[PDB]
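Presented below is the structure to which this report refers.
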Amino acid sequence: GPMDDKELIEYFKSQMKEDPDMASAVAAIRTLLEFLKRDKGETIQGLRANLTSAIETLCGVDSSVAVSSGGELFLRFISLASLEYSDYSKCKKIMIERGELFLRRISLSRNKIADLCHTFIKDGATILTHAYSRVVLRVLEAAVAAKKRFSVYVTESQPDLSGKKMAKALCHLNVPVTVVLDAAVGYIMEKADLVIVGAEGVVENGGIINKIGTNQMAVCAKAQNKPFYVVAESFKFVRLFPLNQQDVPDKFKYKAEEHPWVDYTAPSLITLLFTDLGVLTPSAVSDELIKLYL
Amino acid sequence: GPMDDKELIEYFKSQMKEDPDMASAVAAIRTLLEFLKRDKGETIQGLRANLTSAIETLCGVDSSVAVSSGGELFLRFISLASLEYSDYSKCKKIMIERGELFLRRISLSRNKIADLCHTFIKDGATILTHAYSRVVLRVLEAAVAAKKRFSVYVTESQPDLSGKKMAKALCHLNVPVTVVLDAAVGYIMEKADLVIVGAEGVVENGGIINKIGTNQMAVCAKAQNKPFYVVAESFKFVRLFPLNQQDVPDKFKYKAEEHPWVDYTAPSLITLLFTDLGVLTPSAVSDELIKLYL
Amino acid sequence: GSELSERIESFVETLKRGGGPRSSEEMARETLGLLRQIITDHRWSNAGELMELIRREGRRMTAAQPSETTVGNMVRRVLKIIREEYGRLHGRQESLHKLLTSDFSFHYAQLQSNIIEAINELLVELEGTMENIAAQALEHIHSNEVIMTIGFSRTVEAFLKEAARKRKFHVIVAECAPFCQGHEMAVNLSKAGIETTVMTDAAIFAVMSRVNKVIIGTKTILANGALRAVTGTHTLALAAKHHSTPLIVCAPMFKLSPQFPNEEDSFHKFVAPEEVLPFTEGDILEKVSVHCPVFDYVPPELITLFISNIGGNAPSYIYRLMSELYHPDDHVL
C-alpha cells in the first residue's frame, strides 16, 4: 500500500535528523500520524493492522522502549477514537485532528517538566546525573535561568560517552560540572545532595527503564538516603511489569561480551517522578495506565 | 649512604619487573630488607631514620596503600627487634634472619590464602569479581584444580582495563568467564551467587581499600543479600580509620575531570576476609593491629 | 462591606500575631465563614471575578501566616467548589486518557445559591469529622496494647478516649519540648481512666522497643504523603521505622495541602529563642546562635496509615485524594 517500509524508515530518520532536539518517541509518533494522514483505507480493521505493522517495523529501526511506548499509546488513541465514531470517514477526520492536538501537546512536555522540576534544585546544591538526557538538560537550564547556583556531576557512560556530551552541553551555559567514571558512583554519592535522572520508559509499577548504569546509582543513593528523582514524559508509560533484571524484554537490552544497554529500577528506589502530568509518586503511573485501558 | 635514592628506586623496579607475579608490597619489603643489609651504620636511631626516608621514597615511587602498609610493618618489625636486643651489632643479624623468614612467609601467604579460600566455591556457582587480582586468580586456580565447575563474571575496570587481563588469564585455564561494563554490576548481581574481590589495604575497622568500583559493587551485593568475600594478605593491614570516601588520604587516590583510583568499603558490607592468618571476621583485623602495637 | 473588611483585617492580624483559634477545626470553620461572607457581600458578575477575588484574599491570608495551611486549604476547597458548580451549570484533571481523547466569563443567577449550599454542606461535614475519625478506634486498638504519642493532639485524644470505653491499654506521651503540651494530654487521658506515662522526647528511642504502635496527629499533609508535624516527630518516626513499629496518623481531610516539600526555609516555624535558652543566661547569649523550630518534616516512607473521616488509606494513595479536593491550577494560588 501507500508509503511502504522504505518510505516509513526514511521519514522517521529524516524527522530524527532534521530536529536533533526531538526525542525518538516523538519522531515515531509523528511518523505514525503522518502515515495515518495518507492510508487510502476504508475499514478500521485494516487501519489497525497497518498501524501495528508500521509500529513493528519502526521498533525494528529503533530498539528503544520509548518507540514501543509511543506505538502502544497511538494504538490506544486509535481505539479510543474508533469507540466514539462508527463511520470511518468521520472517525478518520477526528483522528487527524486529535493527532495534531496530541502532537502539539507532547511537543511542549519538556518545558512543563522543567518548570515543575527546577524548584527542587537548591542554591549551592550538588546534582548527580547519569548520562545524557534532554529533559535533565532542560531542567538545569530552567534552574540556571532562575538565578540559582549549583554544581553537577555526571558519569561518562562507558558504552557510548554521552556523559561527555552532557558535560559539554552543560559547560555551554557556564555550569560547574565534573565527569566521573561509571565505577565512581558510590565514591561521589556522599558529595551529591540529590540525584536527577531521565527515563527511556516508565513501567507499570512505577519503576523505570533507563541506561545500564541507572540501577547502581539508584541503589547507592538509597544506601545513603539521597533523594532520587526521575524526569520522564507521559508517552513513556509502558504497561510492562518486570520482576528482575532478566525479566526485561531482550528487544530493548541489545542492539541499541554481555553488554546490555538498559536496566530496570524498582519504584521503591524512586522518590518522585516529574512528568507533564505533574509531580507524581510511582503509584500514580499504575493508576494512569489502569484509567487509560478502561 | 651505601645505597642511594636512585639505585633504591632502580632495585625496587628491577625486583618488580623480574618477577611480575610478586606484589608491590612484597617487592617493597624485599627492597627495604636489602637496604638494611647494606647500611654501614652503628646506631639504631639512624637506621630507623634511614628506613623511614627509604619508605618515604618508595611510597613516592608508587602510590599504593600496600607499599605504605609494608613500610609500617617493617618499621614495627625493626622496633620489636630493637626491643628484644639492646646491642645494635647483635640486633642486626637477628633483624636480617627474621626478615628472611618474614619474606618466606609472605611469599607462602598467597598459596595459604588460596588453599583456605577455594573451599567456599560450589559446583555450578557464579563468582563475581571486580578487576585483576593475583590472589583471586590463584584462588580460582585452586578451585579448578579441585575438579569444580563454575562461571565467572568480571568488570572491565574502565580506568585501566585490568578486567580484560583477568578474563584472558582465566581463559588461559579454560574457565567460562564473561566481561561486563562497570555500569552492569547491579544488573548482573542477581546472576552471581557470591562475590570475591582483592584488597590493596585492610583498614583498622575491618573495611578495605580497593579499586574505584569496589564500594558500589559491595553495596549492590548487600542490597541483594549476596555474600561479599575479600581475599587479602596480612601485610596489607594498615591502621587507618576513614570515616567516609573523602577521608581516604589523597596520596592513595591519585597518581596511581577527577578520577580517584581507590575507594573504601565498610566492614558491615563484608562477610568474611581470607588471609594467611585464616578466615576472619572484620572485627579480627582491629584485634590483630592492637596486639601488634602493644 | 465595612464589617467584612474589619473581619478580614482582624483575621489577618490574628494570624500574623498568633493565637486566636486554638483548634484546627475552629480555624477551618472561621475560614469557611469568612469566605461565605466574602461571597455573599462582595459584588461579582461571573465566576472569573469571584475566583480572582477569592485568590487575592487567600493570598493575603496565606502571606499573613504561611505555616497555617488550613486557611489556604479552605480557600482552595472553595475555589474547587466554585469550579465544580460552574462546570455543572455551564458545561457537562490531567491524565493520559484526557491527553489522548482531546472560560469562566458566563454569568448565572443561581450559581451563588449553589456555591453557598455546597459551602454549608462542607461545613456540616466538617462538624462531624472528629466523631467520624474516633469511630474507627476499635478497629486499630486491641487488648493490652501500648500506644505512643507526642505532644497534644485533640484528634488522637478523642481516638484514645473512644477506644478506652471497651478496651484496656497503655499510652505513653512524650512532652513536646519546649512547649510541653504532652503533660496536658497525659493528665486528660489519665482523667479518663487510661494508664499513662510521662516522659521526655530524649527517651522516645529508649522505650520504642516496648511500643506496639504509634498514633500521632499532624499539622499538614503534603501531596506526596509527607507530614508537617510538631518538632521531634521525625525522630519518633525514625525510631518507629527502626523497630518496624506501625505509625498511624489521625488527621482530618481538611489538613491535606496540595503543596510539595520543594519549598524551603519557610516550612518550620521559628519562634523566640527564649523558649530554648532563657534571657537570664547573660553574656554568653551575645555569641550563641539559638534556633527554635516548631515544626518538622516527616517523609512519606515513615508513615504506615492515614486515618481520616473517610477511612484508612496508605500514603501512596494520598495524591488521589489530593486530586479529588483541589484543582491543579489552584496550587500556586
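Residues in the C-alpha cells are numbered from 1 in each chain, the chains being A, B, ... in the order shown, and ligands are numbered from 1 in the order shown.
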field: Residue hits in chain B, query chain A, radius 8 Å, only C-alpha atoms, as number ranges by chain
entry: B: 157-159, 178-188, 190, 212-216, 219-220, 223, 245, 257-260, 263
Give me the chain A side of the contact with chain C, cut-off 6 Å, one line per residue showing its nearest atom pair and distance in Å at one decimal, counting only C-alpha atoms, sorted by chain and residue number, as CSV.
```
residue,atom,partner,partner_atom,distance
A:77,CA,C:100,CA,5.7
A:120,CA,C:262,CA,5.0
A:277,CA,C:94,CA,5.8
A:292,CA,C:97,CA,5.1
```
Would you export the selected residues with N, CA and C atoms as an mmCIF file, in the first residue's frame, please?
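That gives us part.cif:
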```cif
data_model
loop_
_atom_site.group_PDB
_atom_site.id
_atom_site.type_symbol
_atom_site.label_atom_id
_atom_site.label_comp_id
_atom_site.auth_asym_id
_atom_site.auth_seq_id
_atom_site.Cartn_x
_atom_site.Cartn_y
_atom_site.Cartn_z
ATOM 1 N N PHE A 77 -4.943 5.373 21.314
ATOM 2 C CA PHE A 77 -5.616 6.566 20.809
ATOM 3 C C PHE A 77 -6.544 6.229 19.649
ATOM 4 N N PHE A 120 12.900 22.084 42.762
ATOM 5 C CA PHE A 120 13.515 21.157 43.703
ATOM 6 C C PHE A 120 15.024 21.325 43.808
ATOM 7 N N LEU A 277 2.268 15.438 33.461
ATOM 8 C CA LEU A 277 1.096 15.351 34.320
ATOM 9 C C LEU A 277 1.315 16.022 35.668
ATOM 10 N N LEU A 292 -6.367 4.538 31.633
ATOM 11 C CA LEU A 292 -6.293 4.609 30.177
ATOM 12 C C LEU A 292 -6.957 3.400 29.527
#
```
field: strand (DSSP E) residues, from DSSP on the backbone, in segment 51-278 of chain A, as a ChimeraX atom specification
entry: /A:125-129,150-155,177-180,194-198,201-202,208-211,228-231,262-265,272-275,278
Which residues come within 10 Å of segment 162-167 of chain C, counting only C-alpha atoms, excluding same-chain residues fewer than 6 positions away, as a short mmCIF file (atom, residue, chain, number, x, y, z; two decimals) with C-alpha atoms, in the first residue's frame?
```cif
data_model
loop_
_atom_site.label_atom_id
_atom_site.label_comp_id
_atom_site.auth_asym_id
_atom_site.auth_seq_id
_atom_site.Cartn_x
_atom_site.Cartn_y
_atom_site.Cartn_z
CA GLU C 131 -16.54 11.67 65.72
CA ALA C 134 -12.89 8.37 66.53
CA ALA C 135 -15.49 5.79 65.46
CA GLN C 136 -12.65 3.73 63.92
CA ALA C 137 -10.66 3.46 67.17
CA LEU C 138 -11.77 -0.09 67.99
CA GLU C 139 -10.60 -1.45 64.62
CA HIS C 140 -6.99 -0.45 65.37
CA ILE C 141 -6.52 -0.95 69.14
CA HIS C 142 -6.55 -4.41 70.75
CA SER C 143 -6.40 -5.53 74.37
CA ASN C 144 -3.37 -4.59 76.49
CA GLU C 145 -1.74 -2.61 73.68
CA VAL C 156 -5.69 11.45 68.99
CA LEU C 189 -6.06 10.71 79.35
CA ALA C 192 -10.46 9.13 81.56
CA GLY C 193 -9.07 6.08 83.37
CA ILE C 194 -6.35 5.25 80.84
#
```
task: Name all residues at most 12 Å from residue 45 of chain B (count only C-alpha atoms; drop same-chain ones fewer than 6 positions away) and give them as a PyMOL selection string.
output: chain B and resi 51-52+75+78-79+82+88
Output the selection as a PDB file, in the first residue's frame - N, CA, C and O atoms for each residue.
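As written to disk, result.pdb reads:
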```
ATOM      1  N   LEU B  51      65.549   4.139  57.316  1.00  0.00           N
ATOM      2  CA  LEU B  51      64.469   3.284  56.836  1.00  0.00           C
ATOM      3  C   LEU B  51      63.197   4.084  56.590  1.00  0.00           C
ATOM      4  O   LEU B  51      62.479   3.828  55.620  1.00  0.00           O
ATOM      5  N   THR B  52      62.898   5.051  57.461  1.00  0.00           N
ATOM      6  CA  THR B  52      61.733   5.902  57.245  1.00  0.00           C
ATOM      7  C   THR B  52      61.877   6.719  55.967  1.00  0.00           C
ATOM      8  O   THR B  52      60.923   6.850  55.192  1.00  0.00           O
ATOM      9  N   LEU B  75      58.756  -1.120  59.871  1.00  0.00           N
ATOM     10  CA  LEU B  75      59.151  -0.262  60.986  1.00  0.00           C
ATOM     11  C   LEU B  75      58.807  -0.904  62.325  1.00  0.00           C
ATOM     12  O   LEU B  75      59.610  -0.867  63.267  1.00  0.00           O
ATOM     13  N   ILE B  78      61.312  -3.622  63.011  1.00  0.00           N
ATOM     14  CA  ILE B  78      62.572  -3.066  63.498  1.00  0.00           C
ATOM     15  C   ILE B  78      62.450  -2.664  64.962  1.00  0.00           C
ATOM     16  O   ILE B  78      63.360  -2.900  65.763  1.00  0.00           O
ATOM     17  N   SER B  79      61.330  -2.035  65.329  1.00  0.00           N
ATOM     18  CA  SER B  79      61.144  -1.622  66.717  1.00  0.00           C
ATOM     19  C   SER B  79      61.101  -2.827  67.652  1.00  0.00           C
ATOM     20  O   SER B  79      61.699  -2.805  68.734  1.00  0.00           O
ATOM     21  N   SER B  82      64.641  -4.217  67.990  1.00  0.00           N
ATOM     22  CA  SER B  82      65.426  -3.355  68.868  1.00  0.00           C
ATOM     23  C   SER B  82      65.030  -3.550  70.325  1.00  0.00           C
ATOM     24  O   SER B  82      65.884  -3.515  71.219  1.00  0.00           O
ATOM     25  N   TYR B  88      73.300  -3.081  69.113  1.00  0.00           N
ATOM     26  CA  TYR B  88      72.984  -2.958  67.692  1.00  0.00           C
ATOM     27  C   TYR B  88      73.647  -4.058  66.871  1.00  0.00           C
ATOM     28  O   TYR B  88      73.047  -4.577  65.922  1.00  0.00           O
TER      29      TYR B  88
END
```
- request: For atom CA of residue 297 of chain C and atom CA of residue 75 of chain C, determine how far apart the two atoms are, in Å to one decimal place.
  value: 23.3 Å
Near-residue 237 of chain B list (8 Å; only C-alpha atoms; drop same-chain fewer than 4 positions) as an MDAnalysis selection string: chainID B and resid 69 201:204 233 285 289
Could you save those same residues with C-alpha atoms as a PDB file, in the first residue's frame?
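Listing of result.pdb after writing:
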```
ATOM      1  CA  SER B  69      51.413  -0.878  54.899  1.00  0.00           C
ATOM      2  CA  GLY B 201      44.800  -2.372  52.037  1.00  0.00           C
ATOM      3  CA  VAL B 202      42.830  -3.506  55.093  1.00  0.00           C
ATOM      4  CA  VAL B 203      41.922  -0.593  57.374  1.00  0.00           C
ATOM      5  CA  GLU B 204      41.658  -0.751  61.163  1.00  0.00           C
ATOM      6  CA  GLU B 233      47.354 -10.712  52.590  1.00  0.00           C
ATOM      7  CA  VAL B 285      41.735  -7.038  61.950  1.00  0.00           C
ATOM      8  CA  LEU B 289      46.503  -4.372  64.876  1.00  0.00           C
TER       9      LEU B 289
END
```
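Here atom CA of residue 214 of chain C stands at a distance of 20.4 Å from atom CA of residue 256 of chain C.
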message: With only C-alpha atoms as the counted atoms, please give the residues lying no more than 6 Å from residue 152 of chain A, apart from itself and same-chain residues fewer than 3 positions off, as a VMD selection string.
response: chain A and resid 126 to 128 177
Hey, can you spit out that residue selection with C-alpha atoms as a PDB file, in the first residue's frame?
```pdb
ATOM      1  CA  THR A 126      25.292  19.213  44.186  1.00  0.00           C
ATOM      2  CA  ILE A 127      23.357  17.468  41.402  1.00  0.00           C
ATOM      3  CA  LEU A 128      24.268  13.944  40.286  1.00  0.00           C
ATOM      4  CA  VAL A 177      30.276  20.283  36.061  1.00  0.00           C
TER       5      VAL A 177
END
```
task: Excluding segment 110-118 of chain C and any residue of its chain fewer than 4 positions from it, enumerate the residues within 9 Å of it, using only C-alpha atoms, and give them as a PyMOL selection string.
output: chain C and resi 36+39-40+47+78+81-82+85-86+89+122-123
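Nearest to residue 91 of chain A of all the residues A:196, A:280, A:47, A:3 is A:47, based on only C-alpha atoms.
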query: How would you write, as number ranges by chain, the set of residues in segment 188-281 of chain C that DSSP gives as alpha helix (DSSP H)?
result: C: 188-191, 204-208, 233-242
- prompt: Could you work out how far atom CA of residue 32 of chain C lies from atom CA of residue 9 of chain C, giving the answer in Å with one decimal?
  reply: 15.6 Å
